[PDB]
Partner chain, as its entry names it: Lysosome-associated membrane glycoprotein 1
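Presented below, as structure tokens, is a lone chain in the form deposited without its partner chain.
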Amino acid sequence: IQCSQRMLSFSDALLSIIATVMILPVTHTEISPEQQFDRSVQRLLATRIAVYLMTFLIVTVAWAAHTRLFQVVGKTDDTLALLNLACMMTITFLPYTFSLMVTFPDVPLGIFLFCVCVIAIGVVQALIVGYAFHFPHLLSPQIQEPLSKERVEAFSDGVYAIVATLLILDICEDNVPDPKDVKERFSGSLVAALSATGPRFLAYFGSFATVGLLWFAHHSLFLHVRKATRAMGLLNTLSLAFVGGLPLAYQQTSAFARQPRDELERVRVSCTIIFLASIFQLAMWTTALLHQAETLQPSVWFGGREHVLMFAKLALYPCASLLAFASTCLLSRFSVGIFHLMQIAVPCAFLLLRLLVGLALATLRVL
């Protein structure tokens, strides 16, 4: 009999990769220069994004079914670890089969293969449960609504890291200048060939900063959480799903726009994505406050030395994204600039959030 901690961490990493696989085709799409193509190149993008959102959800469901199974199987052995490897293998085929089923709706083979994948997942999990129940010492003591927060944090960590490094992976794979291109199109100066790739570096910088600071807010929240509810789990799943789309937003807001209207639309889309990624993070906190005596540590209750700080940490991005979006409709002429300032101001406000919250709590104390 052995501890199951590391095996479940490995499973979480695999499940994060599998839930985020379908973001790569979305982010590998190109911006068409010919406007005649726009329509088509829009349609495809949408069809990809939808396939991502569904896929990330389906895998997440599997992840949940996993998390819950090994709350019934508290301890592992060699056979259980190997069968869990088998279950991970089966889960790894869900995205491909789902994409196949949606790409060929009329062909019956895709539905058949997706159903076979799901059935195989079920069979492997049944085998695990039967093995554990034939060796009762592998079952949890309570076996011999709640959701394990360790699994939640590991899954979220993996998703955040993938989304943060997505664009640097592409930069390393594709945008390393060729001596040939440097000798033909840039007159021999590698500085020029690298300057012609600056927009992609800007996109990666912005995306990494925003994703990492959203992870910072998530980490601050779950440091103060006692028990994670399935409601909080669904809210986190939605938040991560929308986090996945930040690299695309920053890749479009950094590429060239033929007309200013396009840049304004891009800013609006990016602000909407950030707001969606952050409002569900705030909703986790608000829902947890419904039953604070069980879900939160005493410090972050109504009347604690971390309640207001926590509220600020979770309400910063929603407010700033909403303000930028509003600027796109009220101060349009100064809107694109405001967004850029956000990218600098929001980090600083995190490095001084203690100070800013104290100042705001004193101002209203003298007003």
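Numbering follows the first chain given and starts at 1. Rigid core here is just the name for the largest C-alpha set that superposes within 1.5 Å across the two forms.
Below: the form solved in complex with its partner chain, not depicted.
Judged by heavy atoms within 4.5 Å of its partner chain in the bound PDB entry, the contact stretch among the candidates 226-234, 267-275, 253-261, 67-75 is 267-275. Though the partner is left out of this view, residue 322 does reach within 4.5 Å of its partner chain in the bound PDB entry, counting heavy atoms only. Contact check for residue 289: a heavy atom falls within 4.5 Å of its partner chain in the bound PDB entry. Interface residue remark: residue 124 is not counted as part of the site for its partner chain in the bound PDB entry, having no heavy atom within 4.5 Å. Proximity of residue 283 to its partner chain in the bound PDB entry falls within the 4.5 Å heavy atom cutoff. Though its partner chain is absent from this view, in the bound PDB entry it lies within 4.5 Å of a heavy atom of just one residue from 279, 139, 118, 147, which is 279.
For the options 329, 61, 341, 31, the residue carrying a heavy atom within 4.5 angstroms of its partner chain in the bound PDB entry is 329. Contacts between 301-320 and its partner chain, taken as any heavy atom within 4.5 Å in the bound PDB entry, involve 302, 307, 311.
Looking at 32, 40, 29, 299 after a core superposition between this form and the one not shown, you find that only 32 has a C-alpha shift of 2 Å or more.
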